[PDB]
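*Asks:* Below is the file coords_6.txt, which contains compact mmCIF, C-alpha atoms.
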```txt
# COMPACT_ATOMS: atom_id res chain seq x y z
CA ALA W 1 -265.73 -46.35 -73.99
CA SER W 2 -263.28 -43.52 -74.27
CA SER W 3 -263.41 -39.92 -73.10
CA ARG W 4 -263.68 -37.13 -75.61
CA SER W 5 -259.91 -36.54 -75.89
CA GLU W 6 -259.44 -39.97 -77.46
CA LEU W 7 -262.22 -39.35 -79.99
CA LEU W 8 -260.90 -35.96 -81.12
CA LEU W 9 -257.53 -37.56 -81.79
CA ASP W 10 -259.01 -40.28 -83.96
CA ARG W 11 -261.34 -37.79 -85.62
CA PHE W 12 -258.43 -35.39 -86.16
CA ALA W 13 -256.12 -38.00 -87.67
CA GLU W 14 -259.05 -38.78 -89.97
CA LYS W 15 -259.27 -35.13 -90.97
CA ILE W 16 -255.61 -34.80 -92.04
CA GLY W 17 -255.33 -38.33 -93.44
CA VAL W 18 -252.29 -39.58 -91.50
CA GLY W 19 -253.97 -42.83 -90.39
CA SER W 20 -254.22 -43.49 -86.64
CA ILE W 21 -252.53 -42.35 -83.40
CA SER W 22 -253.09 -42.79 -79.66
CA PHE W 23 -252.01 -41.66 -76.19
CA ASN W 24 -249.02 -43.29 -74.49
CA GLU W 25 -248.13 -44.59 -71.04
CA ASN W 26 -247.50 -40.94 -70.09
CA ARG W 27 -250.87 -39.54 -71.25
CA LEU W 28 -249.59 -37.82 -74.36
CA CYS W 29 -249.24 -38.22 -78.12
CA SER W 30 -246.04 -36.84 -79.64
CA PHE W 31 -245.81 -36.33 -83.39
CA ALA W 32 -243.29 -34.17 -85.26
CA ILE W 33 -244.72 -31.99 -88.02
CA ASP W 34 -242.03 -31.88 -90.74
CA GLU W 35 -239.34 -33.52 -88.53
CA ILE W 36 -238.33 -30.07 -87.20
CA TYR W 37 -241.36 -28.91 -85.21
CA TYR W 38 -241.94 -31.30 -82.32
CA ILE W 39 -245.45 -31.33 -80.85
CA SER W 40 -246.88 -33.51 -78.09
CA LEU W 41 -250.59 -33.49 -77.35
CA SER W 42 -251.35 -34.08 -73.66
CA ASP W 43 -254.77 -34.53 -72.15
CA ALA W 44 -253.69 -33.03 -68.86
CA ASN W 45 -257.21 -32.76 -67.56
CA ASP W 46 -260.79 -33.88 -68.02
CA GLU W 47 -261.56 -30.37 -69.18
CA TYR W 48 -258.59 -29.57 -71.37
CA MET W 49 -255.69 -30.83 -73.43
CA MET W 50 -252.35 -29.05 -73.36
CA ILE W 51 -250.45 -28.62 -76.63
CA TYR W 52 -246.69 -28.63 -76.27
CA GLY W 53 -244.30 -27.36 -78.90
CA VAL W 54 -240.80 -28.53 -78.10
CA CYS W 55 -238.01 -26.24 -79.24
CA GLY W 56 -234.92 -28.19 -78.16
CA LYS W 57 -232.43 -27.92 -75.33
CA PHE W 58 -232.18 -24.50 -73.68
CA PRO W 59 -228.90 -22.55 -74.03
CA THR W 60 -226.90 -21.89 -70.87
CA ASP W 61 -223.74 -20.31 -72.39
CA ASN W 62 -224.11 -16.60 -71.61
CA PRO W 63 -227.90 -17.29 -71.20
CA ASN W 64 -228.86 -13.63 -70.79
CA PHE W 65 -231.55 -14.46 -73.35
CA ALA W 66 -233.74 -16.28 -70.81
CA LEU W 67 -234.69 -12.69 -70.04
CA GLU W 68 -235.09 -12.16 -73.80
CA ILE W 69 -237.55 -15.08 -74.02
CA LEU W 70 -239.37 -13.71 -70.98
CA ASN W 71 -239.47 -10.48 -72.97
CA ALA W 72 -240.71 -12.25 -76.09
CA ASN W 73 -243.60 -13.48 -73.99
CA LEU W 74 -245.07 -9.99 -74.28
CA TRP W 75 -245.64 -10.60 -77.97
CA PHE W 76 -247.35 -13.95 -77.54
CA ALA W 77 -249.55 -12.47 -74.79
CA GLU W 78 -250.91 -9.72 -77.06
CA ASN W 79 -251.24 -12.11 -80.02
CA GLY W 80 -253.04 -14.86 -78.11
CA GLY W 81 -250.24 -17.34 -78.77
CA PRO W 82 -248.70 -20.08 -76.66
CA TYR W 83 -246.94 -19.35 -73.42
CA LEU W 84 -243.15 -19.46 -73.63
CA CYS W 85 -242.16 -21.82 -70.77
CA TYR W 86 -238.99 -23.51 -69.54
CA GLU W 87 -239.06 -27.18 -68.53
CA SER W 88 -236.53 -28.74 -66.16
CA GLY W 89 -236.65 -32.47 -66.95
CA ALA W 90 -235.22 -32.06 -70.46
CA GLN W 91 -233.86 -28.52 -69.94
CA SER W 92 -235.95 -27.85 -73.06
CA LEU W 93 -237.83 -24.76 -74.15
CA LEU W 94 -241.57 -25.15 -74.71
CA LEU W 95 -244.52 -23.39 -76.23
CA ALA W 96 -247.63 -24.11 -74.15
CA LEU W 97 -251.22 -23.77 -75.38
CA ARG W 98 -254.19 -24.81 -73.32
CA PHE W 99 -256.96 -26.36 -75.45
CA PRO W 100 -260.33 -26.94 -73.75
CA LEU W 101 -262.57 -29.86 -74.59
CA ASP W 102 -266.13 -28.54 -74.56
CA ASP W 103 -267.24 -27.54 -78.07
CA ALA W 104 -264.00 -29.08 -79.33
CA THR W 105 -263.82 -30.17 -82.98
CA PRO W 106 -261.24 -31.84 -85.25
CA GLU W 107 -260.79 -28.58 -87.20
CA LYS W 108 -260.27 -26.67 -83.93
CA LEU W 109 -257.60 -29.08 -82.77
CA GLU W 110 -255.95 -28.91 -86.18
CA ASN W 111 -256.15 -25.11 -86.05
CA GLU W 112 -254.43 -24.80 -82.71
CA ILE W 113 -251.76 -27.44 -83.36
CA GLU W 114 -250.43 -25.42 -86.28
CA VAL W 115 -250.71 -22.29 -84.10
CA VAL W 116 -248.00 -23.91 -82.03
CA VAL W 117 -246.13 -24.68 -85.27
CA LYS W 118 -246.25 -21.10 -86.57
CA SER W 119 -245.17 -20.01 -83.09
CA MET W 120 -242.26 -22.43 -83.16
CA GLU W 121 -241.59 -21.33 -86.75
CA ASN W 122 -241.74 -17.58 -86.21
CA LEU W 123 -239.95 -17.69 -82.82
CA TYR W 124 -236.58 -16.55 -84.12
CA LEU W 125 -238.34 -13.61 -85.81
CA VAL W 126 -240.06 -12.55 -82.60
CA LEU W 127 -236.60 -12.27 -80.96
CA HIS W 128 -234.11 -9.43 -81.40
CA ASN W 129 -231.12 -11.49 -82.55
CA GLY G 35 -243.68 -39.99 -93.01
CA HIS G 36 -247.38 -39.41 -93.31
CA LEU G 37 -248.75 -37.06 -95.92
CA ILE G 38 -251.69 -34.80 -95.04
CA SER G 39 -254.38 -34.04 -97.61
CA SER G 40 -256.69 -31.93 -95.47
CA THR G 41 -258.58 -28.67 -95.87
CA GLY G 42 -257.51 -27.79 -92.34
CA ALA G 43 -254.83 -25.40 -91.19
CA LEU G 44 -252.03 -27.91 -91.74
CA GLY G 45 -251.01 -26.94 -95.30
CA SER G 46 -247.77 -28.75 -94.70
CA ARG G 47 -246.09 -31.80 -96.10
CA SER G 48 -245.61 -34.59 -93.57
CA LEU G 49 -245.97 -35.75 -89.99
CA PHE G 50 -243.42 -37.95 -88.31
CA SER G 51 -244.26 -39.71 -85.09
CA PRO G 52 -241.71 -39.92 -82.32
CA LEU G 53 -241.91 -43.07 -80.23
CA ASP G 65 -232.04 -31.55 -81.24
CA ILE G 66 -235.37 -31.71 -79.44
CA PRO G 67 -236.36 -33.86 -76.45
CA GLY G 68 -240.00 -34.87 -77.17
CA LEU G 69 -240.51 -35.55 -73.50
CA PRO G 70 -243.04 -37.96 -72.09
CA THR G 71 -243.49 -36.05 -68.83
CA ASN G 72 -242.88 -32.72 -67.04
CA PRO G 73 -242.79 -32.22 -63.24
CA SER G 74 -246.11 -31.47 -61.56
CA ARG G 75 -244.27 -31.57 -58.24
```
For this file, produce the structure as structure tokens.
*Replies:*
Amino acid sequence: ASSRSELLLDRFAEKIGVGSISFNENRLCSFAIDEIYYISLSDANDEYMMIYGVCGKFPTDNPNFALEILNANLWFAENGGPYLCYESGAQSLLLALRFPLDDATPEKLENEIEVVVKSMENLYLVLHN
Amino acid sequence: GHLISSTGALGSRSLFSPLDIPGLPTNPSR
């Protein structure tokens, strides 16, 4: 008797053929695509899921580049990509994509998940050094 | 290690599920 988030998941895992997945005690579903690109699907809200791409711990040794990331965010804003965000509980960088649930489809979830992957992939290219 | 055989935009080899990247289970609302 599940809300639409929990269907999309099941329907999505059916679409890519990886079996079955679920949401955890903390209302999210973390899977790592190719053991490098970490992604956690959250259903933050009745209206939307968030899509988190985790990019590791965040450097703090001459971290003048926090302003470089903030500068990178210009690119993702023009391109429609995820928001570059910093998170304090794991000191980890994050790509954030909101994903709304009306007119949501397994192919649309699949599409946006890999958007976070190509963002996490291309990130070092979008930066100056 | 799950292999994807989908038409969708995941033309990529495998998915690993996590029970140097944190894979956090929560971020601070407040």
*Asks:* Please identify every residue of chain G that has at least one atom no more than 6 Å from any atom of chain W, counting all atoms listed in the file, and report them as an MDAnalysis selection string.
*Replies:* chainID G and resid 36 38:40 43 48:52 65:66 70
*Asks:* Is it possible to get the residues within 6 Å of (-250.2, -28.6, -76.2) (coordinates as in the file, counting all atoms listed in the file) written as a ChimeraX atom specification?
*Replies:* /W:41,50-52,96-97
*Asks:* W:74, W:94, W:116, W:104: which is nearest residue 68 in chain G, counting only C-alpha atoms?
*Replies:*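 Ranking W:74, W:94, W:116, W:104 by distance to residue 68 in chain G, first place goes to W:94.
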*Asks:* For range 101-104 of chain W, I'd like the enclosing box, axis-aligned and padded by 6 Å on every side, reported as AutoDock Vina command-line options with centre and edge lengths in Å to one decimal.
*Replies:*
```
--center_x -264.9 --center_y -28.7 --center_z -76.9 --size_x 16.7 --size_y 14.3 --size_z 16.8
```
*Asks:* Provide the CA of residue 105 in chain W to CA of residue 48 in chain W distance in Å, to one decimal place.
*Replies:*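 Computing it gives 12.7 Å between the two atoms.
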*Asks:* Between CA of residue 69 in chain G and CA of residue 23 in chain W, what distance in Å does the model show, to one decimal?
*Replies:*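 CA of residue 23 in chain W lies 13.3 Å from CA of residue 69 in chain G.
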*Asks:* Using only C-alpha atoms, which of W:65, W:44, W:95, W:76 sits nearest residue 71 in chain G?
*Replies:*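 Closest residue, counting only C-alpha atoms: W:44.
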